[PDB]
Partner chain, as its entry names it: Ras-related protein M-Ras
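Given next, in structure tokens, is a single chain: the form deposited without its partner chain.
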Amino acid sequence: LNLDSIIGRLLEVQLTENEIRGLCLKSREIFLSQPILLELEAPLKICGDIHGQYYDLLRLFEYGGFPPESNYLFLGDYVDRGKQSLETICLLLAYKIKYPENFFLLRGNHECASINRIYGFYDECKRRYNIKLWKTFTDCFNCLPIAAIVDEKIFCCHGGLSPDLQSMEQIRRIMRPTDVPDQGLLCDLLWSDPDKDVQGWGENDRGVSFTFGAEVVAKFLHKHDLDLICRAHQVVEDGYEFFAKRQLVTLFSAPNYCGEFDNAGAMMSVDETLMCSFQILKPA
């Protein structure tokens, strides 16, 4: 498999089904060889949902530096709603294979078969290639890691906290490959949301997982000697959004989200000293 011919082709804006299959198998083996709770070392750029908006991902790299000029961590949701899931996920897996210890991908609630069958990715695979390719993608996604801890201070996942999570060893015990269940720790890490109007835990309007208030966030941080929760699962207008007095932050990197919205995209740059700033893509 020639990785550099692929990355070359992807950055000129068509790929054979076997090249895509190859990216899936190689990246899957890498994902399994590394922990499911990644322990990362800053400096680092952390990005939220991309949802197939490939030209906006390219803009994210133009702005934050192409790999490996900067290290990246992506909080899931690569493949739905937008018009180019295939290109988005193929560039990301290509880069994960090329720089496997400076490019990181987490699993978001749309890298599940029960979801991306319905909201577009399966249709893209079916039209441009065939169903078997979507089955291969699904087996790949089942091997993505679930959360990351930057420098023993920043906890990153796609959705948020869980009422079952007492210690990280629960996350480390989760076996891969696996589908996401409808309830439980893995589910909550990909689906739960913060709410300002919740004391503790409450039900979640989407019908999956739960909702946590600021007190749950502060008690969590103090128990684990952490400084910031960094998640990314819902559109925010300024691209980033603070919660619980800058104890949690929501990132969303896909601007003008499927044209329905007018939001900007954002990405968080954390340097060596753990000093955080934001880089934003505001549309015209």
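Residue numbers count along the first chain shown, from 1. Basically, rigid core = biggest C-alpha set you can superpose within 1.5 Å across the two forms.
Core superposition of the other structures onto this form places the C-alphas of 255-263 farther off in 6 other deposited structures of this protein than those of the other stretch among 216-224 and 255-263. According to the record, 4 to 9 deposited residues between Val13 and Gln14 are left without atomic coordinates.
In this entry, 198-206 shows the higher mean Cα temperature factor of the pair 198-206 and 112-120. Judged by mean Cα B factor in the deposited record, 254-262 ranks above the other of 254-262 and 231-239.
The maximum CA B-factor among the listed residues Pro100, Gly82, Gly159, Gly184, taken from the PDB record, is found at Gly82. Of all the options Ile46, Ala42, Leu57, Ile30, the entry's greatest CA B-factor is assigned to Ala42. Ranked against the other modelled residues of its chain, the C-alpha B-factor of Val150 as given in the entry falls in the highest third. Per-chain ranking of the deposited C-alpha B factor places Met168 in the middle third. Ranked by C-alpha B-factor against the other modelled residues of its chain, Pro35 falls in the lowest third. In the PDB entry, a CA B factor belonging to the middle third of its chain's modelled residues is recorded for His51. In the deposited entry, the Cα temperature factor of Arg128 places it in the highest third of its chain's modelled residues.
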